[PDB]
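Participant: coords please:
(2 chains)
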Amino acid sequence: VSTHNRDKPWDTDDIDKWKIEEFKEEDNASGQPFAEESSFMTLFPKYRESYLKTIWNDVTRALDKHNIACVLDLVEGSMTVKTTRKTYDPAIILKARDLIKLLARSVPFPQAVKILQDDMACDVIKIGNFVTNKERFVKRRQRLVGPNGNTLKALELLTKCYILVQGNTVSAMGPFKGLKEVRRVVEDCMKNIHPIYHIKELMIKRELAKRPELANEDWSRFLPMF
RNA sequence: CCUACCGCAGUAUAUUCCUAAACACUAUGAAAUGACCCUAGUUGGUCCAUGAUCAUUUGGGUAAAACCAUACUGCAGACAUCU
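Facilitator: Numbering: from 1, shown residues only, chains lettered A, B, ... in the order given. Have a look at this structure:
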């Protein structure tokens, strides 16, 4: 019910709106760097520490590709990413903040480095606050993994996203629709709705998306209630 | 009578060619709207015809000296007259 909405004839259906253009150093017509240095700081758990000790230079090399300074201070236990004068991309500092958050949340660096690509996007879901009891929290966290990781793989097959369940956080790296789907699955799993309940619904949704006629109509009649 | 050690002065401590590297010079073309660096400036900093900063190869230069140890060579056995 989009009341009082004007028409948009300038929009073209042939143009791929989902397409993403690359960026270059000459892309900005200002010709000048950022006026103020912008930094993002995160903390990491102590058990990550030594692993970061062995990876950080490589991390710096990755940020050396994107002209972003980085620092890792063990005494505060913090990692900070800073924009530089040679930096020309305004969103790469946000992607570096996502990178250090993913590195703190136990995502390995060969997987975590791909967040610097424009296509990838990450979501960190906090699951410590849903239930207070320890045994129920452990059980519901094991529901996501299941036996031998299998349903977790199914969740990957549900979303085409890298999913890592560590401590109080679920880290998901992938497309935005898969991020929203795995957010739904993780929150409903922490609210004791079983993961297979959403896995079967996602499979039925994919089968309905296979048929364009079913995709035109509502899937709620065909799909079982949950 | 001789030999070795002892004293002092020397020589060698690998040699020749090619090549790699460092430092500096020299030859050629580029200079005052001169060149370089820094989240970078109401005049920032550094170098600069007393040669900066890039090239181009033009060719040659430097990498010692002293001492110890080892091996060899030579010089002398010296209390110093000299009026």
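
Participant: would you map the strands across chain A?
Facilitator: A:39-43, A:68-73, A:78-83, A:121-126, A:162-166, A:169-174 (DSSP state E).

Participant: could you export those as JSON lines, including mean neighbour count and distance to residue A:215?
Facilitator: For every residue, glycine as well, the C-beta is placed using N, CA and C. Rendered in JSON lines, the data for the strands of chain A read as follows (neighbours: other C-beta atoms under 10 Å; distance: least, C-beta to C-beta, whole Å):
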{"stretch": "strand A:39-43", "mean neighbour count": "14", "distance to residue A:215": "40"}
{"stretch": "strand A:68-73", "mean neighbour count": "17", "distance to residue A:215": "41"}
{"stretch": "strand A:78-83", "mean neighbour count": "20", "distance to residue A:215": "41"}
{"stretch": "strand A:121-126", "mean neighbour count": "17", "distance to residue A:215": "24"}
{"stretch": "strand A:162-166", "mean neighbour count": "19", "distance to residue A:215": "26"}
{"stretch": "strand A:169-174", "mean neighbour count": "23", "distance to residue A:215": "22"}
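
Participant: quick one: closest of the ones you listed to residue A:52.
Facilitator: Checking the strands of chain A against residue A:52 by C-beta to C-beta gives strand A:68-73 as the closest, at 6.2 Å.

Participant: tell me the helices and strands packed up against that closest one.
Facilitator: Applying 3 or more C-beta pairs under 8 Å, 6 or more residues apart in numbering; DSSP states H and E, we find strand A:68-73 packed against helix A:49-64, strand A:78-83, helix A:92-104.

Participant: closest to RNA strand B out of the ones you listed?
Facilitator: Comparing the helices and strands packed on strand A:68-73 by their distance to RNA strand B (C-beta to the nearest atom of the strand), the top pick is strand A:78-83, with 4.2 Å.

Participant: now the angle from that closest one to strand A:68-73?
Facilitator: 160 degrees (axes from the mean of the first three to the mean of the last three C-alpha atoms, to 10 degrees).

Participant: and for residue A:95, the neighbour number?
Facilitator: The number of residues packed near residue A:95 is 19, by other C-beta atoms under 10 Å.
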